[PDB]
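**Q** Protein sequences, first through last, are from chains B and A. Residues 304 to 343, 354 to 722 (the deposited numbering) make up the first sequence, in order. Residues 302 to 343, 351 to 722 (the deposited numbering) make up the second sequence, in order. Just so you know, even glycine gets a beta-carbon here, dropped at the ideal spot from N, CA and C.
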Amino acid sequence: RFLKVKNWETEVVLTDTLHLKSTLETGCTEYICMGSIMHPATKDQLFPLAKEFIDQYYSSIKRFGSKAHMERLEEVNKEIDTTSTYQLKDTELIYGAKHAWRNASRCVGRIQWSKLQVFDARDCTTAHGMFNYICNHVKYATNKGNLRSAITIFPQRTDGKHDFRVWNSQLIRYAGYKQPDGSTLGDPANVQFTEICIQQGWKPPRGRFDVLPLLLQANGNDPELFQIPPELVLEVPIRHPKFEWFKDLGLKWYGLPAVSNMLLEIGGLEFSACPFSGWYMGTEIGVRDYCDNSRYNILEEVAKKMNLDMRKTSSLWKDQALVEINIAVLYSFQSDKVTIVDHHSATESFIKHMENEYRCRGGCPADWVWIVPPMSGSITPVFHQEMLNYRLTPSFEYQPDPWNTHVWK
Amino acid sequence: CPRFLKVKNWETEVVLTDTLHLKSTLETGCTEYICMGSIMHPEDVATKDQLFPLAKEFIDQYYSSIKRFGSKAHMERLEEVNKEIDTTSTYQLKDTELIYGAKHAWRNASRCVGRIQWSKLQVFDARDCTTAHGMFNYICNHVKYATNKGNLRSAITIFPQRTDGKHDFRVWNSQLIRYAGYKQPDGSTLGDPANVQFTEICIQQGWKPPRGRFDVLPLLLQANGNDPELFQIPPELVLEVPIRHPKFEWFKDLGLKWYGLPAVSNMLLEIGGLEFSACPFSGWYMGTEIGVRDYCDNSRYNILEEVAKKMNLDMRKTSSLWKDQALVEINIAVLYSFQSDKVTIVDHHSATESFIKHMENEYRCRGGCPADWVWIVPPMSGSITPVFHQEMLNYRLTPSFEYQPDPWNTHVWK
Ligand code: HEM
Ligand code: HEM
Ligand SMILES: Cc1cc(N)nc2cc(-c3ccc(CN)cc3)ccc12
Ligand SMILES: Cc1cc(N)nc2cc(-c3ccc(CN)cc3)ccc12
Ligand SMILES: C[C@H](O)[C@H](O)[C@H]1CNc2nc(N)[nH]c(=O)c2N1
Ligand SMILES: C[C@H](O)[C@H](O)[C@H]1CNc2nc(N)[nH]c(=O)c2N1
Ligand SMILES: [Zn+2]
């Protein structure tokens, strides 16, 4: 049955028919909602999954039931029969990748989904080759600050014993170190991965913003360390348009957000290595990266320099320091002409994007809990926007951290 | 379902195990293939057969709570209720049961961040009420008691339950205390835009509006299914706070003020299958309720722009975050004004911190705590409050507070 979503600010009402095409589960039941939970093949299973994907591909290019469509199905069935798997055509690969992004309920940036540069790395066989592909990705995506969305797709999972994995959670991240006393130098989110690198032979500068090495795993072998050429890593020193002391905090960040630990699923096939990149919404750095307790935690230091009253919470000193930090981040990127979007602008685009999708697609899966920005929620248009969440394929999925699964040789 | 459900806090890595969801009663609106957790809203009267098991379930729960489950008293109460349903098709709650039910409707309110206080709730029994004048009397006493000269005390007043659905008691007001909103011919709105509809209804019922920015609405009260009647709440019973700012001298020049007592009156209380259509209840405010939503919402007082102008922020780029900056100062002002005037209020950092402690305790001692993340997380600065990183489970336990249609949509005029 059709479902309605209402915007309470504008009273605009959209009708969802798209959810009727979903097949994967949300995590919820009729009795319990799990909307705030972060994480709620064989020949036999594979072909219908493949058949489904091939179907909507040919439906997308308006050639459903064509001879070419029929033949492709017959070709895929025979190939699963003989080899227990199948390979995607280049067109299918690109379509599948764009629609995995399109279907990403938690991404507020999806108005861009069809502008995605797809790099086909399924011929890769070694970690050295993975390194090369990734360098090319980073260079292309960065584009001297005029960032471009991209995804590099490495060979699909075979028997599960020969997975390609990027062990980094992002291509570019700063190191974190457990200090002797107990605190943390650098980025606390990355303390474990940093130690994994150090064990593998990485010589840490033990600085505050050390770019981590790539830890790359090809065909199920032991992962190998590589250093991204520094000239490929674009960074932005964070300063504030009024507070001239803000630069004295010695903060900077990287311009390219590039998530590398997720799994891309297309027509039953699993791509365990598929780093993808876009550009930042300011809050991702300014709110989460800098102000989470389990992160850089600079709220105190900034509020002190703003000489704010920090004894009582009701002075909202945390709230004030937060806005200023996020002003600094936006101002810094824009001044260095590195692509960035503020949460007001991003959330506006998303409402516009939703309207588009309801119009041409009959819906848009959207995770309110993740779509609403981590600051100033209700003065953004998405706060008052009702959303329906459901799981469409092709999709990006979570997967276990490889150091929990890998058997070292 | 399985017997155990785990939730994680991603900031502290604390994990909690929920068994209480097994007692869940109604549908959530979600299914296996769709989540509706951001949907605001995902005659009637129960029959003898429908009522029997619902009352039994509640009476069982009550006697379980006072450690007398299976006792002679438990069994006699069950038999008494059963016979009363059999021969009257309804039943009456004992005072103890009524008080227990009301407290637990609040305890079970998944959208409420303030539930650490749930056991401290003054329950006013108004089931002897027969007329709108009497409703007015009970409601005045509620306001005076709850307000306590600024030392607010949470309270609920419960009017007679529903019978045949044609004799409902209703408070037509959405809250006991709200400001009027007036639509102007030129398209603009004076006062509170959120209340324009109810204001017009009052004006049609006979109310003479002062037509100001902060006119307290009259009470519109329906007893026993009769046409509603208008009453003016004694002005001295309405505690208000002028909003000023601890640094900005000019903030007072905005002429803003708000009322101290948040008292919601359009919800339905459901206990053991009985339905109390008029059950006004009140607590004290979280600042953002007034400072973010009431003031800064576009379809509300919308002073963000004017505050920004007096702060001389660049308002041409959104990326200057002039809105964000203004919003903070506004909420600073609200909190400062209330505290200075010794009127009870809580900032979002305190409330969310208290709620986390509450939730943990509930998981520990009750086996869970239904919570709606979408409502629990505050409308500003979400990620720097401890609830943002806390996974939650939402499900519906009874007794409960429910939504119900606005009474003008269904009322048969005499
Ligand atoms: C082009 C600019 C983009 C912007 C501004 C943007 C913005 C965002 C933001 C703010 C989040 C929440 C991140 C967090 O809080 O951790 C997010 C999540 C996500 N994005 Fe986008 N994004 C962009 C491009 C992309 C691209 C190119 C892809 C894939 C091809 C993508 C796929 C995803 C996925 C899969 C998630 C959430 C993963 C999960 O937790 O399930 N995004 N995005
Ligand atoms: C004691 C101080 C209290 C505080 C600080 C508090 C705080 C809040 C807040 C901030 C909300 C969200 C409101 C909104 O965003 O519009 C809320 C909702 C709610 N509260 Fe509380 N509350 C308190 C007392 C109470 C009491 C005494 C009751 C009932 C006995 C109650 C029942 C509810 C219910 C049923 C909702 C959500 C209603 C819905 O589903 O829309 N609360 N509370
Ligand atoms: C492609 C892209 C762009 C962007 N601005 N942010 C992302 C953020 C994520 C992301 C990052 C981290 C997590 C879990 N901490 C969940 C999602 C993934 C991709 C992103
Ligand atoms: C008892 C109590 C205290 C408080 N501070 N806020 C409430 C807020 C509500 C509430 C207010 C508004 C809405 C829908 N706009 C839904 C629930 C209900 C009760 C409250
Ligand atoms: C669309 C969305 O569900 C709606 O605007 C909700 C979101 N969360 C909320 N949370 C609270 N506390 N109060 C609200 O009014 C809302 N509004
Ligand atoms: C518990 C909760 O689901 C978790 O902290 C989520 C909430 N919403 C989020 N939203 C975004 N965009 N990013 C996040 O990491 C989170 N964290
Ligand atoms: Zn759900």
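Consider the Cβ of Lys631/B: report whether some Cβ of chain A lies at a distance smaller than 8 Å.
**A** Yes - at least one Cβ of chain A is within 8 Å of the one on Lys631/B.
**Q** Would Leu629/B pass as a contact of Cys604/B if the rule is Cβ separation under 8 Å?
**A** In this structure, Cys604/B does not lie closer than 8 Å to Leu629/B by Cβ.
**Q** Can you pull the chain A residues whose beta carbon is under 7 Å from the beta carbon of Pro687/B, in chain order?
**A** Per Cβ cutoff of 7 Å: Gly690, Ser691, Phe696.
**Q** Relative to the C-alpha of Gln540/B, which candidate in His553/B, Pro526/B, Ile598/B has its C-alpha closest?
**A** Answer by Cα proximity: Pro526/B.
**Q** With a cut-off of 8 Å on the beta carbons, I'd call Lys631/B and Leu612/B a contact; round off their distance for me.
**A** Correct: roughly 6 Å between the Cβ atoms.
**Q** I need the residues with a C-beta less than 6 Å from some heavy atom of ligand 6; please give them in chain order.
**A** After applying the 6 Å Cβ criterion, the set is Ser339/B, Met341/B, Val682/B, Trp683/B, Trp311/A, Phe696/A, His697/A, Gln698/A, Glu699/A.
**Q** Tell me the DSSP bridge mates of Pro550/B?
**A** DSSP, once it has assigned bridges, lists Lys565/B as partnering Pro550/B.
**Q** May I ask you to list the residues that DSSP assigns as paired with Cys336/A?
**A** Note: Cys336/A sits in a beta bridge opposite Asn702/B.
**Q** Give a yes or no on whether the minimum CB-CB distance between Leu635/B and chain A is below 8 Å.
**A** Closer than 8 Å to some Cβ of chain A, the Cβ of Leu635/B qualifies, so yes.
**Q** With three or more C-beta pairs closer than 8 Å as the rule, is the region 550-568 of chain B touching the region 497-517 of chain B?
**A** These segments do not touch.
**Q** Kindly indicate the opening and closing residues of the alpha helix (DSSP H) around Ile509/A.
**A** 504-513 is the extent of the alpha helix (DSSP H) around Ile509/A.
**Q** For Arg478/A, write down the residues that DSSP places opposite it in a beta bridge.
**A** DSSP lists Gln530/A as partners of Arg478/A.
**Q** Kindly indicate which three-state DSSP category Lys364/B falls into: helix, strand or coil?
**A** The answer is helix: DSSP assigns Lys364/B an H, G or I state.
**Q** For chain B, find out if any of its Cβ atoms is closer than 8 Å to the Cβ of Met623/A; answer yes or no.
**A** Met623/A does not count as touching chain B.
**Q** Could you work out which residues of chain A lie near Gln647/B, taking near to mean beta carbons separated by less than 8 Å?
**A** Within chain A, the residues near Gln647/B are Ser627.
**Q** Using DSSP's beta-bridge definition, name the partner residues of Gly489/B.
**A** Per DSSP, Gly499/B.
**Q** So with CB distances below 8 Å, who are the chain A contacts of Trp681/B?
**A** Simply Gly338, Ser339, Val682.
**Q** Starting from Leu317/B and walking both ways along the beta strand (DSSP E), at which residues does that stretch end?
**A** Counting along the chain, the beta strand (DSSP E) containing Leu317/B begins and ends at 316-319.
**Q** Give the range of the alpha helix (DSSP H) segment to which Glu661/A is assigned.
**A** 656-674 is the extent of the alpha helix (DSSP H) around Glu661/A.
**Q** Do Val682/B and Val682/A have their CB atoms nearer than 8 Å?
**A** It is a contact, given that the beta carbons lie within the stated cut-off.
**Q** Comparing C-alpha positions only, which one of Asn445/A, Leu498/A, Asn702/A, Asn310/A sits nearest to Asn610/A?
**A** Taking only the C-alpha atoms, the option nearest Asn610/A is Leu498/A.
**Q** Please state if the CB of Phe506/B and the CB of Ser482/B are separated by a distance shorter than 8 Å.
**A** Against a cut-off of 8 Å, the Cβ pair of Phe506/B and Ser482/B comes out as a contact.
**Q** Quick test of your reading: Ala434/A and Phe467/A, contact by CB under 8 Å. State the CB separation rounded to the nearest angstrom.
**A** Sure, about 5 Å apart at Cβ, within 8 Å.
**Q** Against chain A, does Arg419/B count as a neighbour if the rule is that its beta carbon must be under 8 Å from one of theirs?
**A** It does not: the Cβ of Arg419/B has no partner Cβ on chain A nearer than 8 Å.
**Q** Taking C-beta pairs closer than 8 Å, name the residues in chain B that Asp655/A reaches, listed in chain order.
**A** Going along chain B in sequence order, the residues near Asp655/A (Cβ under 8 Å) are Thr626, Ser627, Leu629.
**Q** For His322/A, go through chain B and note every residue whose CB falls closer than 9 Å to its CB, in chain order.
**A** Residues of chain B passing the Cβ test: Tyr334, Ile335.
**Q** Residues of the region 588-619 of chain A in Cβ contact with chain B at a cutoff of 9 Å, in chain order, please.
**A** The region 588-619 of chain A vs chain B, Cβ under 9 Å: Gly595, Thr596, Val600, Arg601, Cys604, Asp605, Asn606, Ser607, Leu612.
**Q** Residues around ligand 4, please: the condition is that the C-beta lies closer than 5 Å to some non-hydrogen atom of it.
**A** Those satisfying the condition are, in chain order, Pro570/A, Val572/A, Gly591/A, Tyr593/A.
**Q** Would you kindly report the start and end of the unbroken alpha helix (DSSP H) that includes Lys307/B?
**A** Careful: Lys307/B lies outside any alpha helix (DSSP H), inside the beta strand (DSSP E) at 306-309.
**Q** Determine whether the Cβ of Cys331/B lies closer than 8 Å to any Cβ atom of chain A.
**A** For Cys331/B, the answer is yes, since a Cβ of chain A falls inside 8 Å of its Cβ.
**Q** Relative to the alpha-carbon of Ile598/A, which residue among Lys324/A, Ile579/A, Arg486/A, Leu401/A has its alpha-carbon at the smallest distance?
**A** Minimum Cα distance to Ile598/A is reached at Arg486/A.
**Q** Under 9 Å between beta-carbons, which chain A residues line up against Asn639/B? List them in chain order, please.
**A** Here the neighbours are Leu629, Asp632.
**Q** So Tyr703/B contacts chain A; which residues on that side make the cut at Cβ distance below 9 Å?
**A** In chain order: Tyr334, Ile335, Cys336.
**Q** Would you call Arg478/B buried or exposed, if buried means 16 or more other Cβ atoms sit within 10 Å of its Cβ?
**A** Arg478/B comes out buried.
**Q** Would you call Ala381/A buried or exposed, if buried means 16 or more other Cβ atoms sit within 10 Å of its Cβ?
**A** The residue is exposed, with fewer than 16 neighbouring Cβ atoms inside 10 Å.
**Q** So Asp476/A packs on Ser585/A, CB below 8 Å; how close in whole Å?
**A** Rounded, the Cβ-Cβ distance is 5 Å, consistent with contact.
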